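Working notes, beginning with the structure itself.
Protein chains: 2
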Amino acid sequence: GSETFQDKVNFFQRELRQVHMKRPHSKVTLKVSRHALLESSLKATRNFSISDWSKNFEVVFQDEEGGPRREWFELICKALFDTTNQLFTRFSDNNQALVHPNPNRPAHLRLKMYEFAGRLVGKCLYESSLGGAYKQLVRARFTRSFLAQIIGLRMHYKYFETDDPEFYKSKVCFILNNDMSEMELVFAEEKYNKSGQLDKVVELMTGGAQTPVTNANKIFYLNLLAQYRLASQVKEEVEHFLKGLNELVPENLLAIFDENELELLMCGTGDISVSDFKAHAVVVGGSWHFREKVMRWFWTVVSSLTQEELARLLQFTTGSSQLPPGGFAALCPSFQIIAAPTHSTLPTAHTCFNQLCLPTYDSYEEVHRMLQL
Amino acid sequence: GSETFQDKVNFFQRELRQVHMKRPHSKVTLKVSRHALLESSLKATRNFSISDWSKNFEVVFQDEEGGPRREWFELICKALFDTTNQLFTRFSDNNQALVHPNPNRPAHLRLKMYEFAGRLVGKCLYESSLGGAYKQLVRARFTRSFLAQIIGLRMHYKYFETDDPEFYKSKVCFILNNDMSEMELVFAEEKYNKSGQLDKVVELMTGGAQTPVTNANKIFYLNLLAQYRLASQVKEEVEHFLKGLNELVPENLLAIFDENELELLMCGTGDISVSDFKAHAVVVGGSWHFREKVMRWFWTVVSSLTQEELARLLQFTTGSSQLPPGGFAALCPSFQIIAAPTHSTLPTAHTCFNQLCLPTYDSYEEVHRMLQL
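Residue numbers (the deposited numbering), protein chains in the order written: chain A, 435 to 499, 504 to 811; chain A', 435 to 499, 504 to 811. A prime marks a further copy of an entry chain.
Shown next as structure tokens:
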């Protein structure tokens with residue numbers, strides 16, 4: 435007695451067409467330069483209205499005259519979100535980590551660029567809504583904290599698991615997994631300069647320095663910390679990003695989504711290859727019953743899953759519905775299935791380690807029901 | 435106001451010489467065959483007495499006639519403990535894991551071989567005790583559970599972290615880290631055949647099947663499980679191993695040691711190469727203060743440590759005082775230093791992941807005091 439992902443998408447796409455019923459089904463031209471794509475794409479659209487952003491894009495590059507439309511969307515997305523230009527950025531220096539608006543941006547990237555990003559993400563959602571002909575998926579692996587800011591949610595420390603592994607593994611886990619009664623931590627963060635000298639302490643709330651982290655307020659600490667690191671340092675960039683987004687897509691429409699659904703709505707169910715999965719996956723622990731009966735039920739159920747559920751699975755265990763550049767062999771920590779000692783419990787995960795905690799199930803049909811996350 | 439490792443060693447070596455004052459400082463010959471070293475080494479010594487095991491070994495191989507004594511000790515240790523002959527064995531199919539008497543031995547390995555193992559480990563300890571001239575270190579990476587059985591200690595689930603990672607990671611961690619109030623586990627273990635059919639359930643105590651794992655008896659479960667997996671299945675092999683050990687080394691002498699000290703007494707402080715350490719070590723998380731000031735204090739303190747403390751460190755973070763075959767580049771998970779958010783707390787570790795949890799220290803001298811485990 436509630437709503438499936440597909441239902442939300444149809445409602446969202448319908449509501450969105452109706453928002454633009456009065457916007458025109460006609461043509462508008464862009465001329466862009468592969469050399470400097472972002473800069474030329476901004477200038478191409480500098481004179482456009484909201485109405486113009488609704489019209490079908492006729493893209494022409496210099497040095498070759504639908505084929506270029508797809509090519510433009512592909513490249514513009516990379517240009518913005520691929521982090522080369524450090525407009526977006528990752529917290530972990532791993533080149534498979536998810537991306538986030540730059541907390542401390544080079545001055546040479548104005549806030550107009552974030553607004554443009556939002557218009558572009560807006561346009562992909564909008565064209566995606568008109569039919570299979572016009573579909574444009576966003577080619578980007580966003581942080582959950584960023585997707586959540588788009589929707590309008592409070593930050594929670596769970597977001598660190600996906601957005602700053604180093605930081606979850608190192609500090610958050612420590613705090614969650616230790617007695618705070620013999621540590622003397624507080625509700626401040628100490629910032630240090632390039633070199634490593636304490637330039638300033640920053641209270642997460644008034645008297646934060648005076649307030650010690652107990653075991654009772656441990657969680658209030660961690661989320662005050664989530665607010666600070668993931669959202670507080672990027673208010674401006676996100677505000678402009680969704681000024682742009684909200685021109686084509688009103689914010690109230692996106693409320694019906696959580697962060698992982700919004701990823702699936704923006705970037706699609708992708709194409710995930712059970713053959714690549716089987717090849718670079720890893721199994722850990724479990725009886726002969728697990729190693730032999732459960733894991734073959736698993737791979738059977740897997741080859742019997744919609745492109746949509748295969749993505750729901752990849753997202754539930756790794757953090758994103760999307761594989762990095764190098765497919766399953768690029769996953770930071772290899773996609774792994776750990777045996778739980780339970781029978782007939784809900785399967786769990788640890789997305790920091792790309793780990794799926796698969797109970798030792800008694801029937802094929804119980805594996806099938808449970809891999810339908 | 436207690437006793438340093440070195441003090442224990444001197445007491446142990448002195449007490450041990452005095453046990454053999456009346457045993458003779460004369461010669462006895464062995465003739466062995468590299469082809470079949472264990473079998474020929476048994477037959478070489480089949481006729482010997484306890485008294486004979488005290489005498490200096492003159493070893494002759496077939497096909498070349504101190505140089506062979508060292509060579510024999512080197513090879514005999516490998517023959518027993520290197521697990522090729524599956525006399526000893528590892529739980530994890532990783533070829534860097536620690537070794538344990540075989541729970542389910544090929545019939546073609548009699549119990550006399552375990553007794554011989556004990557005599558050999560005995561002899562190494564004994565010759566080691568006479569001086570630098572006679573020193574023979576045991577070349578083996580034993581499970582902590584095995585070292586603890588030698589000393590005469592109860593099994594504790596902590597031993598799984600070092601002895602069966604797969605099993606700690608998969609089952610033990612799960613139980614320690616979850617609410618048992620919504621799982622319905624019990625004080626039994628289910629054994630399955632080669633194929634994967636439930637042949638028999640085994641209660642860890644009377645009515646174990648009837649007794650549910652609560653959050654209150656979670657630990658009693660885990661250690662009853664430690665007894666079962668690490669000790670219960672090898673009573674006979676260990677009994678014979680220390681029949682042999684106790685001929686040259688009375689058991690009461692070894693009581694003054696814990697498992698990690700007994701490893702250092704048997705196998706030495708080895709030779710561990712700060713240059714190899716620096717090269718294949720890994721750092722995770724921490725401020726610029728940590729990344730820049732603390733980690734250089736660390737590597738400084740490291741190059742200023744006795745061979746003995748360097749081993750105490752390697753043991754505290756990886757599980758053994760001894761590197762695998764391929765030096766630091768062979769460590770299952772790379773030797774890693776994680777930043778803790780604390781200042782001036784005792785450094786902690788996770789030996790399953792070869793992880794050292796190094797607080798963010800305020801002085802060089804605080805790093806020095808704390809790396810003296």
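For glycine and all other residues, C-beta sits at the position ideal for the given N, C-alpha and C.
The alpha helix (DSSP H) enclosing residue i, as first and last residue numbers
i	result
residue 437 (chain A')	That residue, residue 437 (chain A'), is in no alpha helix (DSSP H); it is neither H nor E in DSSP.
residue 738 (chain A')	733-741
residue 611 (chain A)	611-614
residue 489 (chain A')	No alpha helix (DSSP H) holds residue 489 (chain A'); DSSP gives it neither H nor E.
residue 802 (chain A')	802-808
residue 661 (chain A)	656-664
Chain-ordered chain A contacts of residue i [CB-CB under 8 Å]
i	result
residue 811 (chain A')	The contacting residues do not exist; residue 811 (chain A') stays about 19 Å from chain A at best.
residue 628 (chain A')	725 and 727
residue 722 (chain A')	604, 607 and 608
residue 613 (chain A')	779
residue 631 (chain A')	726
Assigned secondary structure, residue i (DSSP; H/G/I helix, E/B strand, else coil)
i	result
residue 747 (chain A')	helix
residue 458 (chain A)	coil
residue 591 (chain A')	coil
residue 514 (chain A')	helix
residue 576 (chain A')	coil
residue 788 (chain A)	strand
residue 695 (chain A')	coil
residue 479 (chain A')	helix
residue 506 (chain A)	helix
residue 603 (chain A')	helix
residue 570 (chain A')	coil
residue 705 (chain A')	helix
residue 617 (chain A)	coil
residue 682 (chain A)	helix
residue 781 (chain A)	coil
residue 553 (chain A)	helix
residue 634 (chain A)	coil
residue 669 (chain A)	helix
residue 712 (chain A')	helix
residue 770 (chain A)	coil
residue 729 (chain A')	helix
Chain A' residues whose Cβ lies nearer than 9 Å to that of residue i
i	result
residue 802 (chain A)	Correct list: empty, because the minimum Cβ distance to chain A' is about 13 Å.
residue 598 (chain A)	Simply none; closest approach about 11 Å.
Beta-bridge pairing of residue i - partner residues as DSSP gives them
i	result
residue 775 (chain A')	A':721 and A':794
residue 539 (chain A)	A:526
residue 465 (chain A)	A:494
residue 453 (chain A')	Beta-bridge pairing links residue 453 (chain A') to no other residue.
residue 640 (chain A)	A:627
residue 762 (chain A)	None, per the DSSP bridge assignment.
residue 650 (chain A')	A':624
Chain A residues whose Cβ lies nearer than 7 Å to that of residue i
i	result
residue 777 (chain A')	608
residue 621 (chain A')	780 and 783
residue 625 (chain A')	Neighbours of residue 625 (chain A') on chain A: none; closest Cβ ~12 Å, over 7 Å.
Enclosing beta strand (DSSP E) for residue i [first to last residue]
i	result
residue 629 (chain A')	626-630
Closer than 9 Å at the beta carbon, the chain A residues around residue i
i	result
residue 634 (chain A')	725, 726, 727, 728, 729, 730, 731 and 732
Per-residue contacts from residue i into chain A' (C-beta, under 7 Å)
i	result
residue 542 (chain A)	The contacting residues do not exist; residue 542 (chain A) stays about 14 Å from chain A' at best.
Query raised in the report: Between the segment 754-770 of chain A' and the segment 524-542 of chain A', do three or more beta carbon pairs fall short of 8 Å?
Result: yes
**Report entry** Inter-stretch contact at 8 Å, needing at least 3 Cβ pairs: the segment 485-493 of chain A' / the segment 458-471 of chain A'
**Finding:** yes
Query raised in the report: Are the segment 782-792 of chain A' and the segment 725-732 of chain A' touching, with three or more C-beta to C-beta distances below 8 Å?
Result: no
Query - Cβ contact (3+ pairs, closer than 8 Å) linking the segment 611-620 of chain A and the segment 655-666 of chain A - result: yes
Query - Stretch-stretch touch, CB-based, cutoff 8 Å, three pairs: the segment 697-714 of chain A' with the segment 573-587 of chain A' - result: yes
**Report entry** Meets three-Cβ-pair contact criterion under 8 Å: the segment 446-454 of chain A' and the segment 792-806 of chain A
**Finding:** no
Query raised in the report: Does the segment 570-582 of chain A' come close enough to the segment 599-609 of chain A' that 3 or more CB-CB pairs lie under 8 Å?
Result: yes
Query raised in the report: With contact counted as at least three CB pairs below 8 Å, one residue from each stretch, are the segment 547-554 of chain A' and the segment 681-695 of chain A' in contact?
Result: yes
Query raised in the report: Is the segment 515-524 of chain A' in contact with the segment 642-651 of chain A', if contact means three or more CB pairs nearer than 8 Å?
Result: no
Query raised in the report: Can you find at least 3 beta carbon pairs, one from the segment 475-488 of chain A' and one from the segment 520-527 of chain A', that sit closer than 8 Å?
Result: no
Query - Touch test, the segment 736-743 of chain A' against the segment 711-720 of chain A', Cβ-Cβ under 8 Å, three pairs minimum - result: yes
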